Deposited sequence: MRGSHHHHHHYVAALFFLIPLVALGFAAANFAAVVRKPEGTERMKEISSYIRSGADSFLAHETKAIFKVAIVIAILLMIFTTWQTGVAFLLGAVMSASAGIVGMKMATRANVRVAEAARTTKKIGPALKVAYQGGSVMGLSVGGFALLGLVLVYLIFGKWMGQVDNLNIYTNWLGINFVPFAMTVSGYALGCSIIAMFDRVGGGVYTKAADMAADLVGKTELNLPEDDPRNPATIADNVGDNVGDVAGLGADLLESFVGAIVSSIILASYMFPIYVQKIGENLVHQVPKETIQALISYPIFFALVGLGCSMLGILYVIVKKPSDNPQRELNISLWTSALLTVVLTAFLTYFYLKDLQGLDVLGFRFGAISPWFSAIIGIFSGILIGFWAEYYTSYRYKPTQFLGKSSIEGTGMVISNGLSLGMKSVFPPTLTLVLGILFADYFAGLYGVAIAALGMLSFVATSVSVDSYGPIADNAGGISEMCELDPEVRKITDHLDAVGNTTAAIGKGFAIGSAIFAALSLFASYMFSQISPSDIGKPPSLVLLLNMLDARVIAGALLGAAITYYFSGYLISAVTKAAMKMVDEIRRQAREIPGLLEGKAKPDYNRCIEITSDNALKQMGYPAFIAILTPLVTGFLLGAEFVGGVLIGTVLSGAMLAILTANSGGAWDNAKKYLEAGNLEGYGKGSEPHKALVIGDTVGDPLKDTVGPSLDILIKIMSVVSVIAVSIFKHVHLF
């Protein structure tokens, strides 16, 4: 058991070792070194600014979490914030360092294998830092606050000095989750505004009197964009997956903890717990062990792929990493489930239909759902398949036709993945109730380290190819690096789709956790069916649902406008710099403006439940959560798939798959308009929604202990 608790440190040390191993490889030409120095300075500047703002917000949140609820809650909040920030910083430094070494491998060896290995060892640092830091924080919470302080021992509803009631350990893990959520909100909202403002400004300066090339170091927005790629597909997506991972695990824990007070019967004058402390604690700890086994299998798959004999098929290598981790987790967790829950009593009252093996059936379902959902994102965004081919071909009909067909593509694309989620939820429940729904969220993210490593591979290869083309490298070297960039292009779409699906699953598990956390000491005798209830006929619930949907749409629109404003401001600063390059100057101007913009979306996401709950109650807030989730899922999938389809249709034409037309032609102009429209949608709105749907649920789960009984109307 202690070995499992050690696995997180193994992953952190693995990250350190891969960091050193890639750092040992050669940087090469001095031109490459200068470009990468620009990139690293921009990245570190952005990181410092955002971490300053993060610390400012986190101290206030921890003080409020200690004043209300308990002090362990605020401590766990800060712990989780630190773990996620650490994973992000480590991954970003590693990526900004490895972007050149990948190109040097490709050039020196004139081969694809060594460059791919360098890039994947680079991304595995972010993957392993995510996994290790997250599960390390969780093990620390489970040991220090969990067993040492006996919060897993009492498992009864505690009433704090203010009168707020809650199960202690549940509230503690909730605080930890909220910490991760703050880190992720900062990363996604802010960094996304920044990244897409930089990309839009890069496109813009090309058309001003400056006549600055897009792929030229003379253009400051080029370096800002190369920094933003890392800010996005390494820090942002990694933090998003980390939040979903921890959310699934915390939801399992909260449901388990609150089942203990739920299933008590007043047989005489005594309250008899129909689910005893043994089973409850076993179910509190089973998710942590499942996730630790997942991290172990992830490290094994990464090891196999980094030591594997070098090959010339990158896509195959990354997919091998994924499938190895998946199957290993499946088998090992099979034995874990069967042996860890075998001798427990009362599992039938918990929803386990086939006994101790029920949740494993749930977990694996998640896994498969995930991969399948991934596939759908690729089907509707790759020009290898029919939809993007049709979109690209329709370019000849005009620009309005490109826009309409892209919107149509996204809207229709939301259905296959939603149906995958629907069947996954139905079957997971069939096996093990809402607990099994949470275990499905976990299984889907059981190998988060490998998923995040493949996600971070993309931007590293993108920067490698960009450095190669900015340094005017040999055409064969450019071919190698561009092939790596295309593989990363496909993996990016798959990873974004997987992240959206994971966010939806974790948000639904958090909704269940919210309902369970509504338990008051006065409902102890009441039948369980009466307490765990959100009635949709209650007009406050319908009203709250409409409100949540509207707030989600408004959130998205505000982010679009913020991106455009920040881009125009960066263009103004670049003009000022030309009249009077400024790399960190423009990077920091845009970073500060994006951080200023983040105030209102963050306040929306965090304060909507507080305001509405203290105003109208916990049924209204349940409605708001359902509306937010239902609209966020759809809008996320839509924006992601539409932007991906537009981008890859432009590529389809640029690759000459549409005879007669190439760069500069009118169809290419139309597709470029479509791609500029979609960039903010896929890289800012979708991920921001992935976060919204979860963080609003977390804030709700926590504050419902207060406003459940403290509401104005």
property	result
Stretches of the record's deposited sequence for which the structure holds no C-alpha atoms	1-12, 593-602
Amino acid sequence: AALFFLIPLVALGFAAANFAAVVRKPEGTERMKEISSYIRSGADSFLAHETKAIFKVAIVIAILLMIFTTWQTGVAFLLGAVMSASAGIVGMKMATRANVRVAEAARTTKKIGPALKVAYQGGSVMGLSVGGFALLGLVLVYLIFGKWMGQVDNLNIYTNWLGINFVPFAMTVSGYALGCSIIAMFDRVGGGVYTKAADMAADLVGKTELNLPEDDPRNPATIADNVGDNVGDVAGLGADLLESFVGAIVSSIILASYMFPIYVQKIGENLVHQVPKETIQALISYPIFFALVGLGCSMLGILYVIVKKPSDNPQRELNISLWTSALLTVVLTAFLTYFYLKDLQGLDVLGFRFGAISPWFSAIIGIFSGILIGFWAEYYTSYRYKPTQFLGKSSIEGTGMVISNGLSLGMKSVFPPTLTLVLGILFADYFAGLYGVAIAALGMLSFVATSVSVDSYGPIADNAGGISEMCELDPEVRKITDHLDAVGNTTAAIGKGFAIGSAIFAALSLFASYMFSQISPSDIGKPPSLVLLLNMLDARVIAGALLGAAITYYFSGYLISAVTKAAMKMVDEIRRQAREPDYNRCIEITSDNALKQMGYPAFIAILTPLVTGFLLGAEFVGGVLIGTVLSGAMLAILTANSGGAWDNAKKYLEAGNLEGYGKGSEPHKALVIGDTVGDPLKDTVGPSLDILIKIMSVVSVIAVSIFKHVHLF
From here on, numbers count along this sequence of modelled residues.
| item | value |
| --- | --- |
| Comparing 56-64 with 35-43, the one whose average Cα B-factor in the PDB entry is higher | 35-43 |
| Per the entry, higher mean C-alpha B factor between 628-636 and 503-511 | 503-511 |
| Selection from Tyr380, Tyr554, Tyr338, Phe415 [criterion: highest C-alpha temperature factor in the record] | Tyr338 |
| Residue with maximal Cα B-factor (values as given in the PDB entry) among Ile467, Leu162, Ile365, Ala177 | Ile467 |
| Chain-wide C-alpha B factor ranking for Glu209, given as lowest, middle or highest third | highest |
| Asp538 CA temperature factor, ranked by third within the chain | lowest |
| Chain thirds of CA B-factor: placement of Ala48 | highest |
| Lowest, middle or highest third - CA B-factor, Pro667 | middle |
| Where the record places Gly674 (Cα B-factor, split into thirds across the chain) | middle |
